[PDB]
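Only one chain is given next, in structure tokens, and it is the form deposited in one PDB entry.
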């Protein structure tokens, strides 16, 4: 099995959303604290009618149909997520509802967990499966599904929701560079979910971004080393046409790419000109911990990175800026954002991917894109995903109705025996959407279509 990677992808996000300007107004935020300070435009959320299972059915059904793939042809199916509705019954078993109709039950894989990183873990597990002595010749399919929610406080504005499906196989338009990658894994308490009964994480910020950066530095050094072995030169920011990052909120995407540039300094690589060396050297006396901590160093770094960031990163930002944190699916939404904007320039390019998950699991990895027959082509993928069309099928909420909805969802998380109220909501969803109809007194879940 050769040139294995991503053959096809498709995305779903709830059409229901709230505008960030409007929300600054609703909280008492200073003007542009969400739109500029966080970097965010719009925030998509599950109502009572939607969840990570219904979203997942939407993405799978949609990939299958539109790419003309038939369901007997899926031989591995894995789900990444951190949104747990059941502590033992995996989302993967729910998806099996879709395969029971054609009698394909010989299908490997379960759910992968770790924070905004489980999807990546799954997609690796799938690449490895196509390449393995146990491969039965069929496609793998990976789902990234999640629903990001915070309590009332300052972290609410960073929520989002989405499912993403990827079809995995040989002779792909999006090929893994097998050896080009670095991971960092650690034991930290930057972001976690110790409240069994709550939908909401416990989140430190004085580690949140520290640990993202600690991990990014380390995955970056490890990819650098592998590159010097493989290609005979030091890696710098010039050696890839694009960097795509986990996108909890856009501000952090900016900082992260800036940080790559600052790392290129540290190593004297060939993307740090005479004048950057000048601007940076004020800071070479910082301890490592000091370098994570310096608001001056950030400013300097972001400022140096701005034109590089327009060529290498801005086109990866559409979806994240318009939907919000997608946890496991966030990186892969940024990647779809890049296929949508730049697919005609991508043939023959190198896209570098950085995945992250708090508690601390992370992998930077590399992809070589190329030319290939429909349906498994960069253009065809941009066409099926239809990002533009979907951004246009949205339905705005006043920050007040958003709040009420958040309250409702707080009441149904981990609850049993209710029927979902459809009035005025069902009509808001695309024909053919899967929606939660009810939860019985034994917590069993029941889903509708159309």
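Take the two forms, superpose them, and find the largest set of C-alpha atoms that agree within 1.5 Å; that set is the rigid core. Residue numbers count along the first chain shown, from 1.
Participant: Where the other entries model residues on both sides, is residue 97 skipped in at least a third?
Facilitator: no, residue 97 modelled in all other entries.
Participant: Do a third or more of the other compared entries leave residue 264 out of the model?
Facilitator: Missing in at least a third of the others, so yes.
Participant: Averaging CA B factors per stretch from the PDB record, which one is higher: 292-300 or 337-345?
Facilitator: It is 292-300 that shows the higher mean C-alpha B-factor.
Participant: Mean C-alpha B-factor higher for 216-224, or for 269-277?
Facilitator: 269-277 has the higher mean C-alpha B-factor.
Participant: Quick one: which of 208, 360, 145, 112 has the biggest Cα B-factor according to the entry?
Facilitator: Answer, based on the entry's C-alpha B-factors: 208.
Participant: Per the entry's Cα B factor values, which of 315, 75, 201, 160 stands out as the maximum?
Facilitator: It is 201.
Participant: Divide the modelled residues of the chain into thirds by Cα B-factor and specify which third, lowest, middle or highest, holds residue 29.
Facilitator: For residue 29, the deposited C-alpha B-factor lands in the highest third.
Participant: Lowest, middle or highest third: where is residue 393 by Cα B-factor in its chain?
Facilitator: As the PDB entry reports it, the C-alpha B-factor of residue 393 lands in the highest third of its chain.
Participant: Can you tell me whether residue 44 has a C-alpha B-factor in the lowest, middle or highest third compared with the other modelled residues of the same chain?
Facilitator: Its C-alpha B-factor, which the entry lists for residue 44, ranks in the lowest third among residues of this chain.
Participant: For residue 54, return the chain-relative third of its C-alpha B-factor as stated in the PDB record: lowest, middle or highest.
Facilitator: Ranked within chain, residue 54 CA B lands in the lowest tercile.
Participant: Which third of the chain holds residue 83 when residues are ordered by C-alpha B factor: lowest, middle or highest?
Facilitator: Residue 83: CA B-factor falls in the lowest third of its chain.
Quick note: we don't show the form deposited in another entry, though the next part is all about it.
Participant: Kindly specify the one residue in 186, 110, 311, 202 whose Cα moves by 2 Å or more between the shown form and the other one, with superposition done on the rigid core.
Facilitator: Of all the options, the C-alpha that shifts by at least 2 Å belongs to 202.
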